[PDB]
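Only one chain is included here, represented as C-alpha cells and corresponding to the form deposited in one PDB entry.
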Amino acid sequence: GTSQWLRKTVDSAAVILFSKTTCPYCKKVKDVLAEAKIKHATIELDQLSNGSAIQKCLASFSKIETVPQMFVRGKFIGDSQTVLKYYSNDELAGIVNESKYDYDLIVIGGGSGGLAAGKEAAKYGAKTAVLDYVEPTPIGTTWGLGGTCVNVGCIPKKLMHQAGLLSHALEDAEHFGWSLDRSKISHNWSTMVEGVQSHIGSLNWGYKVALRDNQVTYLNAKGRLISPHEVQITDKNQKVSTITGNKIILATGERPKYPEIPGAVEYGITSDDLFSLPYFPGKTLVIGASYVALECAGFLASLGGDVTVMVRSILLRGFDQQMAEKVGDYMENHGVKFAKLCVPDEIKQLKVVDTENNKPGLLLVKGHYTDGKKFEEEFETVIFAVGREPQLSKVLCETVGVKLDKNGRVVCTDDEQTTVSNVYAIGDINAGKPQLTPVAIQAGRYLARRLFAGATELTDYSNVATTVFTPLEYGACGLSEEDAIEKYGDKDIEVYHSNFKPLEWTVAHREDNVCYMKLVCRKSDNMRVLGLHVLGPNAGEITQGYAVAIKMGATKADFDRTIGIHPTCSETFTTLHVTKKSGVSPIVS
C-alpha cells in the first residue's frame, strides 16, 4: 500500500515537500518557498505511523531517505542544499513553473463542485484554470460565476422560501400581540427579486475575487475536452483556442428539461428563469412533482399567488412516500391547488409578456387526466419542473474515451476517476451520486487534496441528509421506510413515530398533529437507525446534527439516552416510543 500511495502522490503533486515537524533543514526550505511565494503541499513524515516506511520508499525516486525532499510534477528537485542553490541562482522560479502543460488542473464548470476543486487545488501550488459559461435559457436568461446553486438553485430558492415564511410570520405576529393591518399589506415580487439578485451579485463577485486571490485563472469560456490533456475554449467573441492541462475536472452540472409538447419552449419557463423573472408570475401552473416543483409552488402561493401543481403520478418520487404525501397535504390545505393524474398536451399564447411595465403574459394550458377528462385553464405563467439533464456531447466524450451511462452522466470510480485516468468528474454529472451542493463541494475539495497533497480520504456518499424547503419543511437522512422494508424485510424493521406541535404554533393557532417525525430501525442490528424523517419548521437545522450520529451507527438506544433541549421541535427525537407495529396513534395532546 505505502509504495503504491507514494508513487501516485509523487506522480500527481504539482509541488510537494516531504518534511518532519522537528527538522531545521525542512524549516529553511519552508522559509525559502514562503519568501519566493511558492505554494506547495507538505507531508510531515513524523505525523504518519508508516512515515519511516515512506522515508525508505522515497529513495526509489530521489536516491535519499533524509528530509527535506522537494518534488515538482513527478521529478525529485532536491534536498535543502539543492533548493537553496536554485534560489540563490534565480533558477527556482523556472523549475517550479516547468511543465509539459499550461495548467496542473483545468476545471470545466465554475459551479459548486468546480470552484471548490479549483480553489483547493491552487492552495498546493497546482496551476489552476476554472472555465465557466452559462448557455442562455430559451428566453435569453443568463447569470454570473458560481453555478446552479448560487444563481438559480439553493440560494435564491431558500431566499424566496424565507419571503414566503415571513407571510406566516406577519399572521403569527398579530396573535403574539403585534398591531398590524394585514388587509393593507401586500408583497412586491420585483422588490424581492432585486434583493435576491443583489445577494447573488455579491456571490458572483466574491467568487471572481476568491479565484484572483488564489492565483486561479478564471476564463468565461465554453470548454470542450478534445483529448485527455487538451481543452478547446470558445470565448464570448466566438474566438477558439486550446489550453492544456495535466488533470481535468469535469464539473459542468445539468440544466432543466422541457416536455416535448407544442408551446413548452416558446411560452413556458423553468427554475433558470424564475429566480430573476422581471415580472410577478401571477396565476401560476407548475408542471412537475419534484422537490423543485413543490418548493417553487410553495413560495409563490405564500407570496399571494394563485398556484396549481400538475402532477403526472406521485409527489417526490424516490423520497419516502408517507412523508411526500404529508408535504403535499400541508400544501393543499394552505393554498396550493393540485391537478392530480394529469399531463399537459399543449401551451397556447394568449398575451405576450409586457417587457416595458413588468407584467406577465397569459397562456392557455390544454392537458388531460387519467380519467379522460380534459384540462383547459388560463395561467399567467407556466413553470416546467420535469427533471434536469447533463449537457455533455455523447459523441465527443466517446472520442476522448470518457464513458457515460444511458442518462449521459459520467461513470466514475469511488475516487471520481473517469475511464480517462487524468480526467475526473464531480457534482451532478457523476452518475449515481446525490445531486446536492455540499456533496459537490466535499467531492471537489477531497479530490483536489488526493491529486495535489497526497491525501487518501474518499468522499462518503452514504446517508447524505437532505431538506425539502416546502412551506412545511421536510428533512431526512438515510433510508425511506419502504426502501428499508424492501432491503431487510418487514419482520426486521421497527418504526418509531410521533406527531408534534411547535410551541411557536400554539399562540399562533396553527395545527395540532401535522408536524411528524419517525425513525426507521433494524431490529436484528441493535435497533440501528436506518432512516430519520421530520416534517416541521427549520427541518434542515433539526436534521443536520443527527446525520453525524447516523454516520457513526446510531441506535434507538443512542437517541433515548440523549436528553432533549426544551422547548424545541428536535427534542421529540429523544422521547419516541410509539411503534407502527403497535397500531397506537402517533397523535399527541
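The term rigid core refers to the most C-alpha atoms you can superpose between the two forms while keeping them within 1.5 Å. In this text, residue numbers run from 1 along the sequence as written.
Higher mean CA B-factor, judged across 572-580 and 12-20 from the recorded values: 12-20. Relative to one another, 354-362 and 272-280 have unequal mean CA B-factors, and 354-362 is the one with the higher figure.
The residue among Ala129, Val193, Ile226, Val327 whose C-alpha carries the highest B-factor in the deposited model is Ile226. The residue among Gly78, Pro156, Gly114, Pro434 whose C-alpha carries the highest B-factor in the deposited model is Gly78. In the PDB entry, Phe71 places in the middle third of its chain by CA B-factor. Sort the modelled residues of the chain by CA B factor and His533 lands in the lowest third. Among the modelled residues of its chain, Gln417 has a C-alpha B-factor that falls in the middle third according to the deposited record.
Among the modelled residues of its chain, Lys394 has a C-alpha B-factor that falls in the highest third according to the deposited record. When all modelled residues of the chain are sorted by CA temperature factor, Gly553 is found within the middle third.
Missing here is the form deposited in another entry; even so, the following discussion is about that form.
No residue in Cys154, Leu396, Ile139, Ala169 other than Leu396 shows a CA shift of 2 angstroms or more between the shown form and the other one after fitting the rigid core.
Note on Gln391 and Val395: their C-alpha atoms are nearer in that other deposited form, a change of at least 3 Å from this conformation. Annotation for the pair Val395/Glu230: C-alpha atoms approach each other in that other deposited form, by 3 Å or more compared with this form.
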